[PDB]
Amino acid sequence: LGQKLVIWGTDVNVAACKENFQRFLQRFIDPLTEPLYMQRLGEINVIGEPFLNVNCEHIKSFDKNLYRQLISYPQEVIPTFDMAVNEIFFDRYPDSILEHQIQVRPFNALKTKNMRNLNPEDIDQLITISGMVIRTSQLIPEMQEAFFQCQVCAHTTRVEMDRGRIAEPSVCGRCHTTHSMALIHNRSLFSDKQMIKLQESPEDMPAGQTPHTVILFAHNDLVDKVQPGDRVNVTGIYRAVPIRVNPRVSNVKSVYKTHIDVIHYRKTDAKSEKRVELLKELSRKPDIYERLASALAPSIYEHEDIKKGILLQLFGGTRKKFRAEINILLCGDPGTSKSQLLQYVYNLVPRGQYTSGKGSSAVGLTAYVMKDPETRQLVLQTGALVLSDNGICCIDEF
Amino acid sequence: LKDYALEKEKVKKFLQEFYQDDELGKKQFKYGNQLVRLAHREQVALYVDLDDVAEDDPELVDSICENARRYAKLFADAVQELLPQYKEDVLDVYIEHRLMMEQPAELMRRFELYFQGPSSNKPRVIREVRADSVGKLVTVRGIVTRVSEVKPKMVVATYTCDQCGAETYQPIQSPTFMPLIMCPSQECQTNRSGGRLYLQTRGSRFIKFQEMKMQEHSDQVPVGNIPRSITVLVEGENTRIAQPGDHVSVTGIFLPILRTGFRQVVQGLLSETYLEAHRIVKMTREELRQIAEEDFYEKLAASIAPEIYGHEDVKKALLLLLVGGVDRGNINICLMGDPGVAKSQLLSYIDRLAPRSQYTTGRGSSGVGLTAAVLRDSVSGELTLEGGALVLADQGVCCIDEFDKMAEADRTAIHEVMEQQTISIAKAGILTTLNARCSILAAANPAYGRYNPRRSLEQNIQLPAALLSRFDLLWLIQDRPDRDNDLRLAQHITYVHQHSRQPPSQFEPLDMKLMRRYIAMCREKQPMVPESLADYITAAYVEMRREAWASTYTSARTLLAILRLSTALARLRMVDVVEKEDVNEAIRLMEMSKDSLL
Amino acid sequence: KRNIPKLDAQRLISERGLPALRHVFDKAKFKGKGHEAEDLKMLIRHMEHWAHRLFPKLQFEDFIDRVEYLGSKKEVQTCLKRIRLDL
DNA sequence: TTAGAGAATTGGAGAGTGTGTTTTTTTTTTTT
DNA sequence: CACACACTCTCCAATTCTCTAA
Ligand SMILES: [Zn+2]
Ligand SMILES: [Zn+2]
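As given, the protein sequences belong to chains 4, 7 and L, one line each in that order.
When the letters of the first sequence are read in order and numbered with the authors' numbering, they come out as residues 146 to 177, 189 to 427, 442 to 490, 499 to 576.
When the letters of the second sequence are read in order and numbered with the authors' numbering, they come out as residues 3 to 90, 97 to 111, 127 to 306, 320 to 363, 372 to 595, 599 to 645.
When the letters of the third sequence are read in order and numbered with the authors' numbering, they come out as residues 61 to 147.
In structure tokens:
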């Protein structure tokens, strides 16, 4: 029964927590008028996404104690909030259908900690940290329901994952043969999982220190939402797990390895007919060609015909060997405006690329084959000229 | 032999009764006060001093130093038994609820105790830590080579049983342990209930843990030997005291690492060792009125390297390098010359003066390069990034000797630093960005022999213009005979050899700590240019470009350079707006640097 | 050694057995007419809990299959007619 | 006629035994 | 080596067979 449930050795009542979060959903009309998150639960009905993002600042302003319970005990509270949201989503809009139960995704807008100051006292707390993704692993299939079948008599059964282990049946109920139930891997049920290695942002580092890093794990429906090189404020539970001394022995090292069980991502460095009619009217403006050529590279001075040629390159010819790609060469002394102009213009178009003609280029002009380090298999790493297949390639120190 | 119960009682007596007259004669019971703080959880770490223990029992100090781990346990037990006498977050909540169940001593223990070593024990070098000192409290000096991130170490694991609702506890001592699976309680065993145990990370006692490696000071190693190293394991509040490259003295217990399983039969009676760290220790308005004297600019320029005569305007430029302009902002400069021209001596002075700096050769070093490098540490095999001159110099100045002899990888790395002040490096095929905003102070040779002014600088020094134009000032430290100056220099060198010190110079250099204070408060000023001075900049820049065109290494970067230098002098004047003297100084410094080159 | 529990009549007449089953429903409450499914769920929940406390080794249905046979024995039957009415 | 107490047969839980566990030099081809 | 697979071997006891009373 719900009223009898209390978080273990914590005295926080689960039913009271659920009802308090439902009160938060009911009453929170004031982010600065319907409730904001009930407006979002109206939007979710047509949007179809299986999640509800909520701000921990809003929860704190509504109720300090509810926010404190969320931060202290996310492992129990967040499932309680999920149950609350899924109850509200059928109290309101009772006839709705959704393929999955709604997952609440709390987050603070800004970092609560920086990864150098994480401590064992932060274990199993809800935290959020800022960082840059270094690597992103393959999609790991993680089991969630084990499907067993009798080798003798074809009887089948299903057993839930307890805490990563499996309660293997040991005897078939329909023919009583011991050790006859075999795990059918592809009839079992799996969720998505992915490992993400996150480095602290350069500005957050101390003077001249090498980066610290933390491991993140992102599960189903939140799995492949970040790429290497991007920046994120990531909210998750600071886990600590034992690691076995050897793969064939169950002894574990006394020092626990830690990782972030991700709950929410927020990317921080990534960022109509009205547009159509504005562009159409602007096309009729007098000397629009000079206007656009002058809009190109405001920091650069007097280079009218150069900017005009760059504009004509960026627009390109008529596709249909009938090559429509316009080729432009800038020529002049080192330290002059051409390098700045290239570094400006490469980000002004989709599918664009910038690279050096020297061997220090991050992405080379030539395609090559390399062993992918995380898996040590061959991968055809194409060059910048190929990656820019329908865009501009800016080759500096040509 | 020892009666450790009587030893515990004597330790209780010491903790209860010791006083030391701190705070100018208040007769404070220091350990009683800290016991009150521990009981109230306002303090977690208790550094008991064996110098204090020596003042009433030298035999107890000897017993501690000879059997330190035993007495660490005894002191901790005595403190825990005495906390209720002086008892006037999540684990606190769990201890409260377990007290409710009473209404696992190591779990309920929420403090830590350490021995601050006695002064009679000399601080050893790592090489002097012999096998006879195993299990004994030792003080060891060394450089901190490398430090791991703080990790949670399980001290007392806590499990809950699904069937019988009972907590079970597992104290942890060894570096490895067996996690419990099936429930040991008799209500599970007698009923054959098949109940199993789930670890509760929330209700189990962890501790901060950090692994570092100390290394011998280079000037203390014997002649023909590699420097030795020692693993130091750090726990609790001792963590995060040290950093890589730091000089420390560590009081700790020299102990063996007792590995498990296959390593035991392989190693036999031999064992690796670690140092269980207990203590880690790390090795103005009158002055502002002196700074207020309007001589201060030239006073500082004189204080810069009195061992080198002349080049006073170069010294002024070096001062502005340490000051920096408005935030870009780094005054990168380069000063070419022949070998032995006192060029290296000047760069060495800047490296010594500057608070954050590095000094290296452009060539080819067998050390870590200008970029950082990834070491392996194969006893663990865990690859880690380390060093890099540019990275170590990040907030300050990096001095490069024989810049001309750099490899192309080094040239591209410096180009990246000049462009965006960060570098790229790979750990295990994967790669990261690593931050370095240091100013570059470059010293370079002619490609062959003494410099000839008939040849242009890029053709003579053999460096690409894409790099060589980055530096705000280009100076040529040419050396030629001059009888009286040669004799003065010789007298200086001979006095240095004869007395191991600089001779008196008829003036007093300012204290480098005071110079550091001065440039710090100077760098905290944030100038801005007014429009009239911008017009003055425009006029001066166009006239200077006429001169350069008539005699070509002048561009928009020249205007930005003079702006940077003028803002640097505004910082030097410690005023938040530039003035005509700033632009005049920038213009003349650039002009006379070109004259030095000519 | 070999301290394996058995679930025979001595187990059933222990404190946790029929003497407990006489009392476990003192706290219970039922809704009655038209809600027999909910009352049945509460009833099975209470007696399933009682079975688990009495002999945790078995699943509830297997425990019922055991006990429905085991009630025929004379010791537990005499204790039954004691529990019925009173001593 | 139906059901409980004493004796006989076989399943398997548990104890014991045996076995398994980057970094340097030298060459070769091709890149400049 | 000390911690896991695989096999053998031992005795406990779980369930049925047979004789007797209600
Ligand atoms: Zn079967
Ligand atoms: Zn148990």
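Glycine included, every Cβ here is placed at the ideal spot set by N, Cα and C.
One finds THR213, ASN214, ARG215 in chain 7 with Cβ atoms closer than 9 Å to the Cβ of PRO65 (chain L), taken in chain order. For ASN221 (chain 4), the enclosing alpha helix (DSSP H) begins and ends at 220 to 228.
Taking a Cβ-Cβ cut-off of 9 Å, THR404 (chain 7) has no neighbours in chain 4, whose nearest Cβ is about 14 Å from it. The bridge partners DSSP lists for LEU208 (chain 4) are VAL260 (chain 4). When the Cα atoms are used, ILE609 (chain 7) and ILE484 (chain 7) turn out to be separated by approximately 18 Å.
Proximity of the beta carbon of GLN193 (chain 7) to ligand 2 is not indicated: no heavy atom of the ligand is located closer than 7 Å.
With 16 or more other Cβ atoms inside 10 Å of its own Cβ, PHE304 (chain 4) counts as buried. In this structure, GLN186 (chain 7) has its beta carbon less than 7 Å from a heavy atom of ligand 2.
Screening all residues for a C-beta within a distance smaller than 6 Å of any heavy atom in ligand 1 leaves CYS306 (chain 4), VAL308 (chain 4), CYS309 (chain 4), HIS311 (chain 4), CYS328 (chain 4), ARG330 (chain 4), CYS331 (chain 4), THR333 (chain 4), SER336 (chain 4), in chain order.
For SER208 (chain 7), the shortest C-beta to heavy atom distance toward ligand 2 is below 7 Å.
Annotation: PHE576 (chain 4) is outside any beta strand (DSSP E) and is labelled neither H nor E by DSSP. Those residues of the region 389 to 423 of chain 4 placed with their C-beta closer than 9 Å to a C-beta in chain 7 are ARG395, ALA396, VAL397, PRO398, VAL401, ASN402, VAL405, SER406, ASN407, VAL408, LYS409, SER410, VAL411, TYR412, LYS413, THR414, ordered along the chain. Between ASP280 (chain 4) and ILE393 (chain 4), the C-beta spacing is below 8 Å. A contact is defined here as three or more CB-CB pairs under 8 Å, and the region 305 to 319 of chain 4 fails this definition with respect to the region 253 to 267 of chain 4. A direct Cα-Cα distance of roughly 10 Å separates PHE120 (chain L) from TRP110 (chain L). Non-local C-beta neighbours of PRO571 (chain 7) in its own chain, meaning closer than 8 Å and more than five positions away in sequence, comprise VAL362, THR614, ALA617, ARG618, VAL622, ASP623, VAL624, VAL625, ordered along the chain. The beta carbon of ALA78 (chain 7) lies closer than 6 Å to those of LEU136 in the same chain, with the five residues before and after it left out. Collapsing the DSSP output to three states places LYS159 (chain 7) in coil. Contact of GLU447 (chain 4) with chain 7 is not assigned, every C-beta pair being separated by 8 Å or more. A distance criterion of 7 Å places the beta-carbon of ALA189 (chain 7) in contact range of ligand 2, judged by its closest non-hydrogen atom.
Here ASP516 (chain 7) is buried, its C-beta having at least 16 other C-beta atoms within 10 Å. At a cut-off of 8 Å between C-beta atoms, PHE200 (chain 7) counts as an interface residue with respect to chain 4.
In summary, the residues of the region 107 to 127 of chain L whose CB is separated from some CB of chain 7 by less than 8 Å are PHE115, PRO116, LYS117, in the order they occur in the chain.
Assignment of beta-bridge partners to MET109 (chain 7) by DSSP yields no partner. Short note on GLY218 (chain 7): C-beta closer than 7 Å to some heavy atom of ligand 2. In this structure, the alpha-carbon of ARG620 (chain 7) lies about 42 Å from that of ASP386 (chain 4).
For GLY247 (chain 7), no alpha helix (DSSP H) segment is defined, and its DSSP state is neither H nor E.
Contact annotation: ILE375 (chain 7) and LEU612 (chain 7) have beta-carbon atoms nearer than 8 Å. At least one C-beta of chain 7 is nearer than 8 Å to the C-beta of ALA363 (chain 4).
At a cut-off of 8 Å between C-beta atoms, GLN186 (chain 7) counts as an interface residue with respect to chain L. When Cβ-Cβ separations below 8 Å define contact, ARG604 (chain 7) makes contact with chain 4. Of the candidates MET380 (chain 7), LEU281 (chain 7), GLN111 (chain 7), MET380 (chain 7) places its Cα closest to the Cα of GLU502 (chain 7). A Cβ-Cβ distance of about 19 Å is found for the pair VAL435 (chain 7) and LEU391 (chain 7), leaving them out of contact under the 8 Å criterion. Neighbours of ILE474 (chain 7) in chain 4, taken as residues whose beta carbon is under 9 Å from its own, are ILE290, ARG291, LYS353, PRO384, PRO551, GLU552 in chain order. If you check the C-beta of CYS162 (chain 4) against ligand 2, you find no heavy atom less than 7 Å away. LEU37 (chain 7) sits buried, since 16 or more C-beta atoms from the chains shown fall within 10 Å of its C-beta.
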